[PDB]
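Q: Residue numbers for the sequence shown follow PDB author numbering, so the first one is 1 and each next one is one higher. Using N, Cα and C, we set each Cβ at its ideal position, and we do this for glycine too.
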Amino acid sequence: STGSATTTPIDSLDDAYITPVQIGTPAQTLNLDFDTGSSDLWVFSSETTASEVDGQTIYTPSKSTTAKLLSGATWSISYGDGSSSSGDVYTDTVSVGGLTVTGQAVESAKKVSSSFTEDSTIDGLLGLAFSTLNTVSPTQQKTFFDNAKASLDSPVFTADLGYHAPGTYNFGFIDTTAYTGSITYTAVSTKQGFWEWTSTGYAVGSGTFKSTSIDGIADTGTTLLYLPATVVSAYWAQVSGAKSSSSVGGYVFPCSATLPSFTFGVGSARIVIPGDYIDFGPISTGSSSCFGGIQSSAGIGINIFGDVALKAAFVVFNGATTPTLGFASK
Ligand SMILES: CC(C)C[C@H](N)CO
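#1: Could you round the C-beta distance between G97 and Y169 to whole angstroms and report it? I think they count as a contact, below 8 Å.
#2: Along the chain, where does the alpha helix (DSSP H) containing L310 start, and where does it finish?
#3: I want to check one thing, is the minimum distance from the CB of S51 to the heavy atoms of ligand 1 below 7 Å?
#4: Less than 8 Å between the CB atoms is what I'm expecting for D33 and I18, so what's the real figure, rounded?
#5: Cβ of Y59 within 8 Å of Cβ of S120?
#6: Thinking C-beta only, is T222 closer than 8 Å to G326?
#7: Quick one: what's got a C-beta closer than 6 Å to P9's C-beta in the same chain, skipping five residues either side?
#8: Considering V136, what are the terminal residues of the alpha helix (DSSP H) in which it resides?
#9: In angstroms with no decimal places, state the Cα-to-Cα distance between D123 and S78.
#10: Check the C-beta distance from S189 over to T200 and give it rounded, since I have them as a contact under 8 Å.
#11: DSSP puts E52 in a beta bridge; with which residues?
#12: Pair every Cβ in the stretch 248-265 with every Cβ in the stretch 273-285, then say whether three or more of these pairs are closer than 8 Å.
#13: Bridge partners of residue 363, per DSSP?
#14: Is it true that the CB of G293 sits closer than 8 Å to the CB of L227?
#15: Under the DSSP definition of a beta bridge, which residues are partnered with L227?
#16: On the premise that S64 lies in contact with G24, defined as a C-beta separation below 8 Å, what is that separation, rounded to the nearest angstrom?
#17: Of the residues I300, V308, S329, which one's Cα is nearest the Cα of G82?
#18: Residues in the same chain with beta-carbon distance under 6 Å from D153, minus the five sequence neighbours each way, listed in chain order, please.
#19: Are the CB atoms of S85 and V106 nearer to each other than 8 Å?
#20: Whole alpha helix (DSSP H) runs in the stretch 172-248 with 4 or more residues, listed along the chain?
#21: In terms of residues, what are the limits of the alpha helix (DSSP H) holding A269?
#22: Buried or exposed: where does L30 fall if 16 or more other Cβ atoms within 10 Å of its Cβ makes it buried?
#23: Just reading off the beta strand (DSSP E) that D279 is part of, what are its end residues?
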């Protein structure tokens, strides 16, 4: 089997991407944030505290003839941005882009934190990291990808995120028309439950490439590119007036600037992030200070190749027995 679904930015800055997902019978379509940095499929639901729902589409298990309570199971998750959600669990039929999994754990939110409530465009998350991070207790559950794997033509999914445009998530096949050149594959460590890999270095603009190992995660659920303070300082030093602002929470730059590109290494290959991808616009409406798309990972504890980096590439998440990651230009 295979699946193919379009993913769409939620706003003009590509803050996140939503992908329609069919849950239950008859189908209830919810727009989920596909997150390669977590492993829970959770949704706003008929069980969600009413005051915490504001515009989201909800899953109502009582209206699904295939929903079954997973008796005794609960879940609770906290994300890298400080947001959180929790609730109970149903199993139901879940389809993405024509690919169907039966008996998928669908985690129904009883509570969500304010940042979820305040974003009406995201109806929940679909986790695509390794199932060892799944939070369901007392019986840990599998991700949609892990459940689908055996049915897939090839045990892979691909992320092809757009810059200020829709893109695609494919399951079970590699679309050889979706990238240029060749795909360079690189080793993955699953020890922390993430798609964790080691970049071979970086360049700023037209500068020379610095060969240096940078361990990090391929994370579709993080907006920005978070790298070591040394790397990030070298980037922003090439932008007149750029500075790190503790009041704003990272590097800002004059909105009048033209940003340099940023290149990262994948083995002997190079992925170039155009400067425009690194512009996240005014810090507040009407401000001439703009927020940068490359930020320090110091204090996070891990480097994160988020959407800013991933959208510059066609990315293969290879879930074979020994997992690997592939990157191509596009
Ligand atoms: C591991 C985290 C820092 C990032 C994942 N997207 C979950 O928030």
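A: Let's see:
#1: 7 Å
#2: 307-310
#3: no
#4: 6 Å
#5: no
#6: no
#7: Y17
#8: Note, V136: premise wrong, no alpha helix (DSSP H); not H, not E.
#9: 17 Å
#10: The pair is not a contact, with the Cβ atoms about 15 Å apart (cut-off 8 Å).
#11: In the DSSP output, where bridge partners are listed per residue, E52 has none listed.
#12: yes
#13: Residue 363 falls outside the range modelled here, since the chain spans only 1 to 330, and no answer is possible.
#14: no
#15: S296
#16: 3 Å
#17: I300
#18: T2, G172, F173
#19: no
#20: 229-236
#21: Careful: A269 lies outside any alpha helix (DSSP H), inside the beta strand (DSSP E) at 269-273.
#22: buried
#23: 279-282
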